[PDB]
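[1] Need the 3D shape of this:
(chains A, B, C and D, ligands or ions: 7)
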Amino acid sequence: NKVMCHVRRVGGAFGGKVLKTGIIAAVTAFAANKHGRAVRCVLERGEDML
Amino acid sequence: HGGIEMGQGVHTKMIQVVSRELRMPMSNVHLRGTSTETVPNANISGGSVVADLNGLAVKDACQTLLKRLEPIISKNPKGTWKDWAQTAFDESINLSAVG
Amino acid sequence: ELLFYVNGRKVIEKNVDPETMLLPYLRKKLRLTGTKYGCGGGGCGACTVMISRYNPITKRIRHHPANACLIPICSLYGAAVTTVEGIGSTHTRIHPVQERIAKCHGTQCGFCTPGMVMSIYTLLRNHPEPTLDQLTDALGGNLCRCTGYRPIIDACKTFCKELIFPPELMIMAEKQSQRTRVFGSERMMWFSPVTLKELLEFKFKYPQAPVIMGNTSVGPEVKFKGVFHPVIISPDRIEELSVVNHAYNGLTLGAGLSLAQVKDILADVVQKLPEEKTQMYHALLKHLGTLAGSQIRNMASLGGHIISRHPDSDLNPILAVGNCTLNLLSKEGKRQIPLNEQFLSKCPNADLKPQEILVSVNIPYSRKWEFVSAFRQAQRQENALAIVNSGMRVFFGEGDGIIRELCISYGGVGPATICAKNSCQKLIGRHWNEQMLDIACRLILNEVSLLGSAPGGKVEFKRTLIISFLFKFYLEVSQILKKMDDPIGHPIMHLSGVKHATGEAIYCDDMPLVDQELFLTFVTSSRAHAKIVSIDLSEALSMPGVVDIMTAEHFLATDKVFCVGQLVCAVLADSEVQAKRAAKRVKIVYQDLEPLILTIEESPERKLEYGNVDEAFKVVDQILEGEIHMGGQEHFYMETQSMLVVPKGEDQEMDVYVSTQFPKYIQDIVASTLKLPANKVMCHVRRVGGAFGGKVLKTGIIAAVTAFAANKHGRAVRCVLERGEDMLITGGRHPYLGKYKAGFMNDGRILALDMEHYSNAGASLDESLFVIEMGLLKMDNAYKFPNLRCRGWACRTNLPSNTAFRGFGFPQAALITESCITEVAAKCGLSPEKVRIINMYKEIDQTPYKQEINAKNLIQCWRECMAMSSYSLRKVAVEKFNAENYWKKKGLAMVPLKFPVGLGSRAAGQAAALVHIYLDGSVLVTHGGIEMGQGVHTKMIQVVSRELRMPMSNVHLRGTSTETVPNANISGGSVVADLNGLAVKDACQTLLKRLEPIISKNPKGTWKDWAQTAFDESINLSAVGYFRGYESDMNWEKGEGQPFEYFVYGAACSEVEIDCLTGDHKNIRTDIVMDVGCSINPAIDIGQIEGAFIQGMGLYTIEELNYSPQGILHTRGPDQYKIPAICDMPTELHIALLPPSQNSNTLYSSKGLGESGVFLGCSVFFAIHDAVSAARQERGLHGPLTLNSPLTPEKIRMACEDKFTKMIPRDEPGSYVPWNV
Amino acid sequence: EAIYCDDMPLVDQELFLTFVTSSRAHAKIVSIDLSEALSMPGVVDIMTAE
Ligand SMILES: Cc1cc2nc3c(=O)[nH]c(=O)nc-3n(C[C@H](O)[C@H](O)[C@H](O)COP(=O)(O)OP(=O)(O)OC[C@H]3O[C@@H](n4cnc5c(N)ncnc54)[C@H](O)[C@@H]3O)c2cc1C
Ligand SMILES: Nc1nc2c(c(=O)[nH]1)N[C@H]1C(S)=C(S)[C@@H](COP(=O)(O)O)O[C@H]1N2
Ligand SMILES: Nc1nc2c(c(=O)[nH]1)N[C@H]1C(S)=C(S)[C@@H](COP(=O)(O)O)O[C@H]1N2
Ligand code: MOS
Ligand code: MOS
Ligand code: FES
Ligand code: FES
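    Residues are numbered from 1 along each chain as shown, chains lettered A, B, ... in the order given. Ligands and ions are numbered 1, 2, ... in the order given. Take a look at the structure below.
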């Protein structure tokens, strides 16, 4: 009841944005909790495909 | 609703559903975006069912409102939605529906 | 370079602007936001911060509190700054002070607790095992509009029987090179000498630069007055400026020594040497223990006070009579001048040069057969600037009565400290008897020749206080001469009480900045009925920040201004300080109009009827004609009007984060202003800092123009106001003019009553008549009147429009009826107690608006308070005390109370809610009621925890919105707790209805299992709750209906003690009982009761609104607004809560307080009334008395007529147009 | 004008996260170092399970 997710829109996700977005978000939230400031994460195309 | 817009055009579907069922034009309805503070425990947007699933949920919420607006429109032939909404405000008719 | 420490981290500033203060720097830059902007002028005490400074000589560090809202940045080089966030936190170990101030329920709104916990922490650091006297001394400066201070002293009562200074600071103090620092800016230059010589040099340079040492007297001038100093000077730790010396000429104190150090040195020195040598030290200590507060006493020093030339100075007249000489020093040598009238009159011959810093001051030993005394009178006991103060000493010598030395000086009377010379020139020679007092009075009465143009008003009051102080002097010297010859029903700590006491609570301004923000500020009219012909804005446009100066030409003043404080233009700027500076120099052309209306008596009907008054008046024994005036009030909510408006850039969406009470109005007005459907504009609140009303209409129009600006220019816009224009924009209570003609039989019972209520509305032509309706009903609390004819009218004035308040109309009409009752009881000959008993409601009766009431509760609390407070013994002791004392009259009073709870129409009571349960055991609840200090959310958590059996941990609330719960109501009327709680009840009942099988199949598990299974079997877990509200009907054409859901019943007895010479009063003991039922949370109930009582006592005794004859209200000065402080509490307040009654339609058999105990504050009021009567009982005069409200010490002293008032020069009425109407 | 997740404005004092992947399918990790990495200008912290 503390964590609120917000999704206004998504730019064309033709399936499969679930487990890996979760594994990104888990450590992003770990970092944001330990160092009390917002953390923004964006992935490169090669990082995606890998 | 609890379904994600990912370019397939689900929010236009939802605005069309609300426009048809509540008998108001397209222009008179708004939609912001998915969140887990308003619609909890929604399911994954995968299977091609989420559009129809949330369309049925939106239909359900709209029906629950329109049954409460039954007497007001019963007692007024030509009402803009402002007139019925303010009236339903006066007779203490709820206007927040979970579908 | 600027180098200091905040909470233990080193902070470096370069290339600064020294024209910026500390508190905006801690908020907008370093972002330790647990420190609050209360007033910016030193009054509030909200911004308390600990400052520690190390002395490289003494090898020790001195800790002192200070108000960060006046402290400049450039005075902190090498000092440790400690805020609320450095002592403990919700992650680390919490310090025992915050733990005990939250455990003892010392928090209600939380916008006052960080300063107070830092004050208690500072005193515990300085003092390990203190006394309650020291603790109360420490907390004197701090204010609280909500609590009433009792739990704070309760938490302090257990103390009576670690942070470390950074080593970098102490080592660079041990080095301490001779570094003279310069802080430069484009506007204002700052110089700081570490050595004496450079200070003397820079003073010998351009001398228009003030020697800033405490900022306490220059800060207000640069702020409200607006004067600007191009260059300023400010010393460092210079030893010569701060040294204590004992010599045959008494002692020598440095000008750099702060008043707190001075007080400690005097307090220790008066315990060493015999009292035959010390008389002026005791006077200085007497006026030092009563100076503003520990913060200001540790910020302000001797020299600044001496040279400030403030007429209200509390220490100057003691010095101006005690043979004191200021030592000086400059490039052209040394000097030693005396302090007398010539020093304070501003004449050039005796004074300081444009050079010669004041170095020190010497106070001699008092000679034997010489006695010194000083007296003062102000609106409040503590932290109030005096209206008349005096310094008095007389030296005889050789054991006789002949006057050879007699020095008396008066401050606060004229434009400066006036000292009597010619009367002092003539009094010499006679004995210490009555005749010299006659001579002194007959001289000083017309020697200090005041006029009708005396600023601050209270002409005859000061004139009487003069001789009153002289008379006190006479008695005290004569005396010494004669001598030497289900969590419901259990007390549960607030949800965010720790989060208050540890400074994690976010407010509408504590939230961060968003990209490309702006800021907005208004310009307000200062004329009452003045036509606008032109506005000058050429020079306002061109300065850094100004985007567009918005006017009425594109909701603001168009052609004429009908009230002061009306909005005519607003300014758009890139930052706050730029916005204020740009606003302060827009020029408006005016032409004043002839018909000027400011008062009720020179400016539709609402009438209730019961029986026929005419026949009883033809029959009844005695006819009374009486009248009363009751003045208004100001809310003084601690948090000011803060808001932010954010455009979205897509779909014209507009977020509005505003700390209001009524988001529906905000959304509606923004939608109508932007020409948008309401589905685009959303509104957000999380908590509001202690708002008691008034944050409704003016907040609406402020949000309207803020949103207009945020839309048209396509950028975010923040808008926060300040305390002064908060008073100037927003009105307060309606002041009432009440006439009455009553009829009562010799049985002392009222059988005839006519009322003509009049209200002072404001400039608005279409306004809120409703209180005139509403307050018409609630006129009589507990007294049965067989006949009523009660009418009301609303009178427009050229003034800001008035709004609602806590209590809301009941206090006014209730005290009008109470005063009519009391004057009847005086005209009869029987005690007001008997008159109230044989006029009080029966067990069962019927209100004049035709509604059944059952009131054995009122009679039972009457008996309980009467018998368990020992009424008879205490009262007979009161008459015994008045029979053996002549100037000390103590008065005891008792007052009942019936308060109706109910609303107007059908739409008013409806309340919605939204409840989610996620797939664990954890619940998210939201509603439409606003959190503003009552503790509504703790009650909601208790409700949800009883209705779902899970422990209190599992539930969390995340603020309110209009996107989750739409179309909520006003968060007022003391019902929104009940209404939104019923909505929460409905939602939780729906959820527990949805889950019979899962729960009843699973006996010994958790909510985790049952919510999991509920999702498994496809059962909804989020529901809307809703409550239709109580049915209320009122008809005015017949004056009948059922408009009130229920009534609360209480009683309060109060004991006071007034002094006939100086017209102030004490509060000794108040015993208060009320009937509430099975309380949801007893601690919250007792807190609300105490807070309402304190607010009512403050309205009835202290608070006054002085208006200039052109309509301009006064915010600071002699007539500044006061609110009750920590010393205004009764010594004992024994409050007990009676057993319940199990009522019908009240949530969980609990009653809705929050506006009820306000009128019980009239108790002490009538108590002083009683005392005044005893005075006129012994003075032998029974002449007509007209005691209005508030009973300021002025009117209390006027009521105690004496020979002193019989020798006061009566100024002609139509001579001058005085300070106040 | 369609606002996406990256099109939100910058929030105050937000950090930035970037991932360091793997390069060998089946392998054993012997030792990890960050001394040149953590001493870069701008780095706040490196999160590893080591
Ligand atoms: C909210 C509030 C409440 C107050 N309550 C009280 C009260 O109850 N009782 C009371 O007696 N007073 C009261 N005061 C007044 C206060 O005590 C004085 O203003 C204060 O002592 C001035 O000291 P300062 O160093 O802060 O003055 P500063 O602002 O530092 O001094 C400004 C002026 O003093 C001159 N100056 C200062 N020091 C020197 C020096 N050494 N040599 C030459 N010139 C010098 C500067 O040139 C300048 O003209 C109150 C003030 C405020 C704002
Ligand atoms: N333009 C667009 N079309 C799309 C997708 C998308 O991301 N963008 N996702 C596809 C996938 S994987 C699914 S399952 C469906 C989901 O749409 P619905 O569940 O709302 O029918 O859209 C399909 N078509
Ligand atoms: N601490 C605190 N108590 C307060 C207030 C406040 O701002 N702070 N407002 C008062 C006012 S004006 C009202 S109407 C009631 C409303 O709260 P309730 O509905 O929970 O009684 O709270 C009262 N008590
Ligand atoms: O079913 Mo597709 O949205 S992974
Ligand atoms: O909160 Mo209400 O008394 S305007
Ligand atoms: S005491 Fe600092 S803002 Fe009022
Ligand atoms: S609780 Fe102290 S100011 Fe409100």
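[2] Dihedrals phi and psi, the residue nearest to the spatial centre of chain A?
    Nearest to the geometric centre of chain A sits residue A:25, at 4.0 Å (C-alpha atoms, centre = their mean). Backbone torsions for residue A:25, taken as degrees, to the nearest 10, come to phi -70, psi -30.
[3] for residue A:39, same thing?
    The phi/psi pair for residue A:39 (degrees, to the nearest 10) is phi -130, psi 120.
[4] That one contacts residue A:28, correct?
    Yes. The criterion here is C-beta atoms under 8 Å, and residue A:39 meets it with residue A:28 at 5.3 Å. Every residue, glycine included, has its C-beta placed from N, CA and C.
[5] shared neighbours of these two, anything?
    Counting by C-beta atoms under 8 Å, 6 or more residues apart in numbering or on different chains, the contacts common to residue A:39 and residue A:28 are residue D:17.
[6] Counting neighbours, what do you get for residue A:30?
    By other C-beta atoms under 10 Å in any protein chain shown, the residues close to residue A:30 number 12.
[7] did I read that right, it in a strand?
    No. Residue A:30 sits outside any strand when classified using DSSP: H, G, I helix; E, B strand; the rest coil, being helix.
[8] Which residue is the nearest non-sequential neighbour of it?
    residue D:47 (7.0 Å; C-beta to C-beta, 6 or more residues apart in numbering or on different chains).
[9] ok, now how distant is that neighbour from chain B?
    Computed with C-beta to the nearest C-beta, to the nearest Å, the distance linking residue D:47 and chain B is 26 Å.
[10] what separates that residue from ligand 7, distance-wise?
    42 Å (C-beta to the nearest ligand atom, to the nearest Å).
[11] hmm, back to that, ok, the residue nearest to the centre of chain A - contacts?
    Taking C-beta under 8 Å, 6+ apart as the contact definition, residue A:25 lies against residue A:41.
[12] Same check on residue A:27?
    Contacts of residue A:27 by C-beta under 8 Å, 6+ apart are D:17, D:47.
[13] From ligand 1, how far out is the residue in chain A that ligand 6 sits nearest to?
    At 26.9 Å from ligand 6, residue A:36 is the closest residue in chain A, using C-beta to the nearest ligand atom. In this view, residue A:36 and ligand 1 are 36 Å apart by C-beta to the nearest ligand atom.
[14] Looks to me like that residue is in a helix.
    No. Remark: residue A:36 does not belong to a helix; assigned using three-state DSSP, it is coil.
[15] Distance of it relative to residue C:511?
    15 Å (C-beta to C-beta, to the nearest Å).
[16] How about residue A:11?
    29 Å.
[17] what's the neighbour count on the residue nearest to residue A:30?
    As a burial measure, residue D:47 scores 12 neighbours (other C-beta under 10 Å).
[18] mind listing what it touches?
    If a contact means C-beta under 8 Å, 6+ apart, then residue D:47 has A:27, A:30-31 as its contacts.
[19] Check whether it sits in a helix, strand or coil.
    In three-state terms, and counting by three-state DSSP, residue D:47 is coil.
[20] for it, phi and psi?
    The phi/psi pair for residue D:47 (degrees, to the nearest 10) reads phi -100, psi 120.
[21] could you say which helix or strand contains the closest residue to ligand 2 within chain A?
    Closest to ligand 2 within chain A is residue A:15: 3.7 Å, counting by C-beta to the nearest ligand atom. According to DSSP states H and E, residue A:15 maps onto no helix or strand at all.
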